[PDB]
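Listed below, chain by chain, are the residues.
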Amino acid sequence: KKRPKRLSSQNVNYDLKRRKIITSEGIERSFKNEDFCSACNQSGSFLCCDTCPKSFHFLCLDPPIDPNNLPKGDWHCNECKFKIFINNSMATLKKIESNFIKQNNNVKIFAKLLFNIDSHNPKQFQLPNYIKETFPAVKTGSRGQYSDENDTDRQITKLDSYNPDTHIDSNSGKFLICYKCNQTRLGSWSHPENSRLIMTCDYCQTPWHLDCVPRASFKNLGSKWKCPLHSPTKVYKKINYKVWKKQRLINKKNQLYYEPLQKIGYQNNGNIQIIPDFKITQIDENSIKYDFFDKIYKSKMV
Amino acid sequence: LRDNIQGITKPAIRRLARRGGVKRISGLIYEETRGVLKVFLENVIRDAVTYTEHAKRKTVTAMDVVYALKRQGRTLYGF
Amino acid sequence: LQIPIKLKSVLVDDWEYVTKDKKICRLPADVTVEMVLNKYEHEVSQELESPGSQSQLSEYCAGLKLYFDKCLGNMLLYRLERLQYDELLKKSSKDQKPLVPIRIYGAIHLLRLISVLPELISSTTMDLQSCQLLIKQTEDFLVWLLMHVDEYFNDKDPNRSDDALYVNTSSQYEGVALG
Amino acid sequence: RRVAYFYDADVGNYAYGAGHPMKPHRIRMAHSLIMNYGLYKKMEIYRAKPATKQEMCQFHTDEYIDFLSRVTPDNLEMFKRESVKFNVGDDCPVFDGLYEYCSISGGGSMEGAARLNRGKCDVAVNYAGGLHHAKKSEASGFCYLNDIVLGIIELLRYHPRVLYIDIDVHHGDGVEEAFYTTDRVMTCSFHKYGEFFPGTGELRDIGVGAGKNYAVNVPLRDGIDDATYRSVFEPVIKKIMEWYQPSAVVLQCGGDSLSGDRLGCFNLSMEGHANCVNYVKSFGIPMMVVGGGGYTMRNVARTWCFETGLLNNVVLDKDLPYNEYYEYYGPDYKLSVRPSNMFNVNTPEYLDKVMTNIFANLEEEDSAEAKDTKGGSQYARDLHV
Amino acid sequence: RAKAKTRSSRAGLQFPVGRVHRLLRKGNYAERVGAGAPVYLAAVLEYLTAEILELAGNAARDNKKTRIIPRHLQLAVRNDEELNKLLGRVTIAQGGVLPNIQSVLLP
Amino acid sequence: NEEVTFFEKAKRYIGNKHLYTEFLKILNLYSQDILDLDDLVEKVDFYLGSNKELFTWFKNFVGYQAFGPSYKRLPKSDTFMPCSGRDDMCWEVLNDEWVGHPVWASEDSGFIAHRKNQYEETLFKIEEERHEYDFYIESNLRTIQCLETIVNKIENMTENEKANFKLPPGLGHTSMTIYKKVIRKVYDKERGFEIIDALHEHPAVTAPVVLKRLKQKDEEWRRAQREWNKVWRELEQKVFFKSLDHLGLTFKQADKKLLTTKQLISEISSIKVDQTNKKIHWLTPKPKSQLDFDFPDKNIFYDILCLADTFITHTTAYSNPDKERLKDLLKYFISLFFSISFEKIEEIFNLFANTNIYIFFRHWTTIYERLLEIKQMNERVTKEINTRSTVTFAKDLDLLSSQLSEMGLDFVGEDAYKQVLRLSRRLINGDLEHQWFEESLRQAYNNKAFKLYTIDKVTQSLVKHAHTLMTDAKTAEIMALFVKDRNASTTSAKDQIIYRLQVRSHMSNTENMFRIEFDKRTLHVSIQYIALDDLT
Amino acid sequence: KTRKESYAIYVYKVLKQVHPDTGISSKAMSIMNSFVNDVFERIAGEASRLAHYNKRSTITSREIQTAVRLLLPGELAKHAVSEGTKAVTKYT
């Protein structure tokens, strides 16, 4: 059992490998004794160039060519072919795009902005630095998607072992209390079936049980789980419609703005904040009582 | 501008080695000298760029170069 | 550039539709460059002076069309987004008709184009005096887009009505796109 | 009652991939547990029909079949474009025999559906198929061709209403996504909602349009025993059989739900897996049974033999008959294996809530294919050695 | 007052922000010290510590050792090119050197 | 009737400030006239679902008295995807609009496979080895019978048809892939195409040699498969039951960390603070508590002691009189707590005490409930060990002769309880190996009794929780006070308060006091972690 | 006797976060403590001379970022300041 050499098929092939001895002796008589895409930031079908070590995907090309038939000549690059085609060409000893302006008809506002896209590499949309720093809550991802509610290399639990964890707080030790049920229901070690799984929130640390809300999995390996007690990203109404796609968080030079309006009968399409277009006023509890009084007065006419 | 590693002149490298007391110079010395000068220059220039970008400045002063040389233990006087 | 905060929110929502929700805008777009450039042609002549900047605005629109024709596959058009660019040529290679993106692409691609222009003007010797009115015209475009946010840019979803200028991507187009 | 088995000689003669979890070894050796016991007294054996290009193509697209009928590992380089867009890349390895295995599996599925349609056979069981994780044009969940939806549209010719019960294999979704806006097809699946490779769906998926409140889905956690499986299976099935007036069952047995698998941990023994078909066989509604997966061929062959013995309304003995694959199973030599030591995580408060809100929301080419060559030459009677 | 919460937990860090701030203030490096400087320093130290300990564990995994010894730390430091460049003038006790033999020495 | 007090009542109910801001945002979102009735009722059911009186109070003003995150609709532009053979009603029942993706539910997180440890890994490795070798040999024998079928039909009569026997691909069968597959398997990378082409275009010539290169290969494969199956069955004899265990293998490391006092005090304090809240200003907290323990029989109070003495005679760490004094004190708690004078060894009364005796008693009922679970399946195991025996088809190569648990470790011929207690005593005495006990326990049972895998460990803790029971001054003092107050007849609310105030003022406030209420009615025992109404 | 400042528990919880089943000996842990102290001293000195260069009496996170870009070469600094960036993004 401890010697897999002779016990296995050593004469013919191996445990699974194909030894050469089938090809060596085959009793035959019928022969009668004689790279990486900087503009893609992904991985897949790469295509390089004969002049530069850079590579691009087969799909991001400006001429759409099907991947089952590669272009001939190993696809000389956009830079090299456009520097041997239009850029470095006749009428030397001067700047090439100076004579471009004299070749334009009925267009003058783009003096030199049409020659560059003629002789530049393919490139997908990458977010500008000022736009991505304009929203600090918006950040790039692993290869560069949008990542706000999602979620080093630089070149498990089966029994009642995790349920005792995440019950004693790491900071204070106080028991986190569930909302819908007033019992945390840790369970018994003598009877494991009394143990109940509880969850946590990555935003406001709200406790939630697995029985109050329907969950079965753990959304913690690539997407932050949001408890069903916050403002939704979009609402849906049925009575052509408005979904209220939040308003996003602006932070540059504190551009969120903070001023109390009358806060009632204002119709600011949501967009409120609590203190004890793109206009947001503060909300206190007094205006909450005011506009609920207005709402239940206008709702019940009889 | 895009290809300027040839701006370092081979007889200039010869003069630099003559200042160092070199009697005989091989032909493969020049390329390695250009490479080591390029990597040292880009290290010091990166340090000076970081120094002048901490101060919200777009021009590199001589004091930035002096402090960059002091960071690597190659402090130069006169500036 | 003074991009409006609402318009910045619209652009970030466009990025989140392209990347996370992973949806693709309609090839027969309801809105395109005609109902903005022709709107400028027949709109600015009723409240401003007849001579002066009218001809320069017209040639600016012509230059924007000529730039949008040859810039669609270069400065715009995300990795997922380029898929609809391919078969449009495949239809064009058999129907004996050249393809232009002038009549077929919406205003969000105009937003993308006017958002990628600051990072390429510094590559060449851009003349500031001849282009100051160009940043002025682009900021006119941002304030005009800040004016019209309801009847042009819709926030709807294709789950219940197909009038949101944005439809989902199936696993067929995911497989042939993200390969 | 009358039951029929569909089996081909070269149905286990394939190779799905070297070391890949799902295997084609499960079906053929299962037939070795059919004739060796003596179960052929009620077995109507029909060989799987070699379906052609356009005969089965009423569900999947033309280019999909044109790819799988002209792909070999020898010429994978010139077909690399369709390998990455049809989900036949690293998820599904490319081997010779894809088209023929898919054709015989689809032929067996159509034969079972048509034999249910005539009513000559009360129950049409077939383990040669069982591939349902695929969609209209993709091959996800280690399955290439969806072999249940063609059965659905085959029984839709006569039976206006069908009942699809999906025992957990790999969180199947093709049958659910194929019919979502139609009230004539009812889909349900008891499964595990987790971070699986093909896992889609949610409890909130109830149906839209005309198919509203007819596409229910019951999610469970990682690890459920037989008693809790019965307690969660009984009330929802009783409620939907009360409120639909059923006509046909296309329930699919779970191959990956047994104790011990490469992916998925579900604690059902032979009794727990048998009660799912016992509850729906107590009604007497005619039924066609689809086969399952199974990352371990021995356990899935044992539960398939137990299922085939159970459809004869008899209890097969707790001993396996001798065959050419007699040494595959465990040293106990018993058909009923013991359940694994999985902790019971499914608290019945969540199950009661699922029952409560489920009760709340619920209140060409010779088509109809029943032609294939007769078997009987696939004799699995070897001698002891 | 209120419940005491450390600044490391607010910033998602394990290294102490307050201890780094104390050593910065008592270390007479500057007259005034910003709030984000101890957080940034703690993050940098935590990242460097995690990278070095992960490299040491990787170098000790094939050595059948489940504990970090100074030889493992020396191997992790000198094996990485950027760690060798940063710790160019750094001597590690009880670590020795890398076990490399030149090609001319081997017959 | 009024609505102005509901807001402060809800503010007191929620408690947390930021959750109150979130509730305010949700209620304002409802107030600004875009939210339907379903959204507001489904949000109130989560915000204020703990109480139904305030819910029904809210419903008198307003209220009633589609799909999830996946399955998103596709437009009617890409549906014209021309699928041949589509019938009239095929478009009616099949819709391409609603499709679902795994990456849509994953939300850019990849896919993670649920893999086990190395035992299941090597089990799956040898399982796929078995699959590949069995598929190879069955394809080989199928090709033997296929090539033997098509030789007698053209070898019998004449020879002109031998030279010209042109056939379409398929070899006269419904199969279309298998024979080329095995020619590719048994030949080179470039040869197999021209061997199968010759075969196709010229049979009855290369057929005898392709049978010659397939018969002796089949017989060598059969012999190597027989020896492979021998070593394979020798492997399954150890790894069949080990692959069925996922929590008992980690139970050795688990029992070292969940048997501490901190885990148990956190456990009881969990239900203590579950009982503490939502019981003020409208209800009175009962003196009786939860976490009760039931003792159905009394024979389990002695048999574990047959191990316990067997431990301390085996352990050389303790001195000479330590063993006899431990036995004396343990017989003392046998005598006074259960009110039993003496019984043969088998092979409302309330007490106030502290943490160490509490966790000792907790592991006492843990072992008691482990043995209660063991005796719960004792009848069914003693029923079907008798049906468990070797078959008559396994005598070819002497299966079940690996000497795993045939030394008397099986449950045949005796009761399972007595045999497992004897096996645990053999573990205690050191005659039996630990892994041999683990294999015997996982073989004789259905892998349900995972709790007894570290029993010696826990009874070590037991004697430790006895050895420290009469070591320090404080626990010995309270034990002497309990013995002096033990008259086997205590009346409630008569003399227990004097003892409570005498024992509360002697210890400090750091060590909390717990109480045990035991009565003779079905041997009921309740444990309360009382913290209030004791210092007043 | 007297209390001594050390980086024991912090380095240990970082190690347990990145390697749950790998320990460390006393000598190597002293090496790691001295490494942390030396990198702290180097970054503090670089930030101090940066602040003295600009006549700045305040050392903020920008000084630490500049010091990490200066002393640490290659991309190893960059991820580090990226970590510092999200540290600030978690602090604010």
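Look up: the structure comes first, before these words.
Residues numbered from 1 in each chain as written, not as in the entry; some residues may be left out. Chains lettered and ligands numbered in written order. Part of a larger assembly, values for the part shown. Heavy atoms only, no water.

Help me understand the pairing of strand 4 (residues 514–519) of chain F, please; the structure alone is not making it clear to me.
Residue and element names in this part refer to chain F. With 6 of 6 residues buried, strand 4 is to be regarded as a mostly interior element. Of the two faces of strand 4, the one lined by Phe514, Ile516 and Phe518 and the one lined by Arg515, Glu517 and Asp519 are each fully buried. The pairing of strand 3 (residues 349–353) with strand 4 spans 5 bridges and is antiparallel. Bridged to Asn350 within strand 4 is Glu517. The turn joining strand 4 and strand 5 (residues 524–528), which pair antiparallel and follow one another in sequence, is formed by 4 residues; a positive phi near 55 degrees is taken by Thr522. (Buried < 20%, exposed > 50% of the residue type's maximum accessible area, 1.4 Å probe, protein only. Helix = DSSP H or I, 4+ residues; strand = E, 2+ residues; numbered from the N terminus. Pairing = 2+ DSSP bridges.)

Sorry, what's going on with the packing of aromatic side chains here?
To describe a pair of aromatic rings, one takes the distance between the centres and the angle between the planes. All chains considered together, the criterion is met by 64 aromatic pairs over all chains. What links up through ring pairs into an aromatic cluster is the set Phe295, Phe301, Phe337, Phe338, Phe349, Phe361, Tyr368 and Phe518 of chain F. Here the basic side chain of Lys219 of chain A rests over the ring of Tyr193 of chain D, its NZ or CZ set 4.1 Å away from the ring centre. Over the face of the ring belonging to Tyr453 of chain F we find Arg442 of chain F, whose NZ or CZ atom lies 5.7 Å from the ring centre. (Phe/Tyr/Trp six-rings, centres within 6.5 Å; stacked < 30°, edge-to-face > 60°. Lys NZ or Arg CZ within 6 Å of the ring centre and 35° of its normal.)

How should I be thinking about the interface of chain G and chain E in this particular structure?
When the parts of a complex come together, some accessible area is lost, and that lost area is often used as the size of the interface. The partner chain E presents 51 residues to the 53 residues of chain G that form the contact. For the pair chain G and chain E, the two sides together bury roughly 4900 Å², of which 73% comes from carbon and sulfur. Between chain G and chain E we count 0 salt bridges in total. At the junction of chain G and chain E, the tally comes to 14 residue pairs in polar contact. Among the secondary structure elements, those contributing two or more residues to the side of chain G that touches chain E are helix 1 (8–18), strand 1 (23–24), helix 2 (26–53), strand 2 (58–59), helix 3 (61–71) and helix 4 (75–91) of chain G. Among the elements that take part in the side of chain G that touches chain E, helix 2 of chain G stands out by supplying 13 residues, more than any other. Per-class residue counts for the side of chain G that touches chain E are 28 nonpolar, 16 polar and 9 charged. Judged from the 2 bridges that link them, strand 1 (residues 32–33) of chain E and strand 2 of chain G form a sheet pairing that is parallel. Its bridge partner lying in strand 2 of chain G, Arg32 of chain E is registered against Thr58 of chain G. (Contact = heavy atoms within 4.5 Å. Buried area = accessible area lost by both parts, 1.4 Å probe. Salt bridge = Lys/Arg side-chain N within 4 Å of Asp/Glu carboxyl O. Polar contact = N/O pair within 3.5 Å; in protein donor to acceptor, adjacent residues only side chain to side chain. Nonpolar A, V, L, I, M, F, W, Y, C, P; charged D, E, K, R; others polar.)

How should the state of the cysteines be read in this particular structure?
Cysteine pairs can be linked by a disulfide, which is a covalent bond between their two sulfur atoms. Residues and elements named next belong to chain A. Considering all chains together, one arrives at 2 disulfides over all chains under this definition. Shown here is the disulfide that connects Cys37 with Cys40, its sulfur atoms set 2.0 Å apart. On the S-S bond that ties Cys37 to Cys40, the torsion sits near 55 degrees, and the link is right-handed. You'll find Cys37 and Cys40 in the same group, each marked buried. (Disulfide = S-S within 2.5 Å.)

Looking at this structure, how should I read the interface of chain F and chain D?
On the chain D side, the residues contacting the 72 residues of chain F number 83 residues. Contact with chain D buries area across many residues of chain F, yet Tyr71, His131 and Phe393 of chain F alone supply 10% of it, more than any other trio. Here chain F and chain D share 6 salt bridges between them. Residue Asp96 of chain F pairs with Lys136 of chain D through a salt bridge whose shortest N-O separation is 3.9 Å. Taken together, chain F and chain D are joined by 28 residue pairs in polar contact. Secondary-structure elements contributing two or more residues to the side of chain F that touches chain D are helix 5 (90–93), strand 2 (98–99), helix 6 (102–106), helix 7 (118–155), helix 9 (178–186) and helix 11 (207–242) of chain F.

Would you mind showing me how to read the arrangement of the chains here?
For the 10 pairs of chains in contact, the largest share of contacts goes to chains D and F. A gap remains between chain D and chain E, with no contact made and the closest C-alpha atoms lying 26 Å from each other.

Quick question: what am I supposed to make of the sheet that holds strand 4 of chain F here?
Within a sheet, adjacent strands bond to each other through the backbone by hydrogen bonds, running parallel or antiparallel. Residue and element names in this part refer to chain F. Read from one edge of the open sheet, 3 strands run 3-4-5, paired in antiparallel fashion. At either margin of the open sheet sits one strand with a lone partner, and together these are strand 3 and strand 5. Adjacent strand axes in the sheet meet at a mean angle of 15 degrees when their direction is disregarded. Pairing analysis gives 5 bridges linking strand 4 to strand 5, with the strands arranged antiparallel. What sits directly across from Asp519, in strand 5, is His524. Sheet strands touched by helix 22 (residues 496–504): strand 3 and strand 4. Its angle to strand 3, the strand with the most contacts, is close to 5 degrees. (Axes fitted to C-alpha atoms, helices over the stretch in contact; angles between N-to-C directions.)

When you look at the pairing of strand 3 (residues 123–126) of chain D in this model, what are you seeing that I'm missing?
Look at any regular strand and the pattern is simple: side chains alternate between the two faces of the sheet. All names here are of chain D. Here strand 3 shows a buried face lined by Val123 and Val125 and a second buried face lined by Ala124 and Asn126. Where strand 1 (residues 3–6) meets strand 3, 3 bridges bridge the pair, whose relative direction is parallel. The residue bridging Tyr5 from the neighbouring strand is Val125, located in strand 3. Note that strand 3 and strand 7 (residues 287–290) share 4 bridges and pair parallel. From the neighbouring strand, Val125 faces strand 7, where its bridge partner is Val289.

Would you explain the nonpolar core in this entry?
One broad trend across soluble globular proteins is that nonpolar side chains are buried collectively. With 109 residues, the main nonpolar core has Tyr144, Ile165, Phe190, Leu220, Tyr229 and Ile237 of chain D as its most contacted residues. With near-sequence residues (within four places) excluded, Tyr229 of chain D lies in contact with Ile167, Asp168, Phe190, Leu220, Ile224, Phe266, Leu268 and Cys276 of chain D. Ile268, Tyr368, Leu371 and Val525 of chain F belong to the second-largest nonpolar core, a separate cluster that totals 81 residues. (Core = buried A, V, L, I, M, F, W, Y, C linked by side-chain atoms within 4.5 Å.)

I keep staring at the sheet that holds strand 1 of chain D and nothing clicks. Help me out?
All names here are of chain D. Strand order in the open sheet formed by 4 strands is 2-1-3-7, and the pairing between neighbours is parallel. The open sheet has two free edges, formed respectively by strand 2 (44–46) and strand 7, since each of these has just one partner strand. Adjacent strand axes in the sheet meet at a mean angle of 20 degrees, parallel and antiparallel pairs treated alike. Here 3 bridges tie strand 1 to strand 2, and the two strands are oriented parallel to one another. Within strand 2, the position partnered with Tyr5 by the bridge is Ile45.

Got a minute to help me understand a positive patch on the surface in this structure?
Taken together, the side chains of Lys139 of chain A, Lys5 and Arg10 of chain E together with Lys86 and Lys90 of chain G present a region of like positive charge at the surface. In this structure, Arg10 of chain E sits in helix 1 (residues 7–10). (Patch = residues over 30% accessible without salt bridge, like charges linked within 9 Å, V, L, I, M, F, W, Y side chains within 5 Å. Areas by Shrake-Rupley, 256 points an atom, 1.4 Å probe, with all protein chains shown as cover. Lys, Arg positive; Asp, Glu negative; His and termini not counted. Charge placed at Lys NZ, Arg CZ, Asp CG, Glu CD.)

Would you mind showing me how to read helix 9 of chain F here?
An α-helical turn contains 3.6 residues, so a residue and the one three or four places further along point in the same direction. Along helix 9 of chain F, the residues that are buried comprise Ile178, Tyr179, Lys181, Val182, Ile183 and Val186 of chain F. On its buried side, helix 9 of chain F packs onto helix 1 (21–24) of chain A together with helix 7, helix 10 (191–201) and helix 11 of chain F.

I'm lost on the pattern of salt bridges in this one. Help?
Side chains that differ in charge, positive against negative, can pair when their charged atoms come close. In the structure shown here, the tally under the stated rule is 60 salt bridges over all chains. Here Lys85 of chain D ties to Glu63 of chain D by a salt bridge, and the two come within 3.9 Å at their closest N and O atoms. One end of the pair, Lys85 of chain D, is in helix 3 (residues 80–85); the other, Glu63 of chain D, is in helix 2 (residues 62–68), and 22 residues separate them in sequence. The exposure class assigned to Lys85 of chain D is buried, which follows from its relative accessible area of 11%. Members of the salt-bridge network, linked through shared partners, are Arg154 of chain A, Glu51, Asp80 and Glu82 of chain E together with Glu75 of chain G.

What should I look at first to understand a nonpolar patch on the surface in this one?
Together, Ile101, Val104, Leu105 and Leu106 of chain E give the surface a local cluster of nonpolar side chains, amounting to about 460 Å² of exposed area. Its location among the elements puts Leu106 of chain E in the segment after helix 5 (81–86).

Can you walk me through unusual backbone geometry in this structure?
Excluding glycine, residues mostly have negative phi values, and the peptide bonds linking residues are mostly trans. The phi torsion at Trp75 of chain A lies on the positive side, around 55 degrees, for a residue other than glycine. The class for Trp75 of chain A is partly exposed, based on a relative accessible area of 23%. In the Ramachandran plot, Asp366 of chain D falls in the positive-phi region, its phi being about 35 degrees despite a non-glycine side chain.

Hey, could you run me through the packing of helix 2 (residues 34–43) of chain C against helix 6 (residues 128–147) of chain C in this one?
The angle between the axes and the distance between the axes are what describe a pair of packed helices. Residue and element names in this part refer to chain C. Two numbers describe how helix 2 lies on helix 6: the axes approach to 13 Å, and their chain directions differ by 110 degrees. As judged from the angle between their axes, helix 2 and helix 6 are roughly perpendicular. On helix 6, the residues touching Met35, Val36, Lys39 and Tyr40 of helix 2 are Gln137, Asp140, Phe141 and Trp144. Tallied by class, the residues present in the contact of helix 2 with helix 6 amount to 5 nonpolar, 1 polar and 2 charged. (Parallel < 35°, antiparallel > 145°, perpendicular 65-115°, else oblique.)

Explain helix 4 (residues 83–92) of chain C here, please?
For helix 4 of chain C, every residue scored as buried is listed here: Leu83, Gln84, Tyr85, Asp86, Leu88 and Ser92 of chain C. Of the surrounding elements, those touching the buried residues of helix 4 of chain C are strand 1 (23–25) and helix 7 (171–177) of chain C.

Would you explain the side chain of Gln124 of chain A in this entry?
Here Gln124 of chain A lies in the loop between helix 2 (78–87) and helix 3 (129–134). With sequence-adjacent residues up to four places away left out, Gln124 of chain A is seen in contact with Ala39, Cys40 and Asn41 of chain A together with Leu76, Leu77, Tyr78 and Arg79 of chain C.

In short, geometric facts, not functional conclusions.
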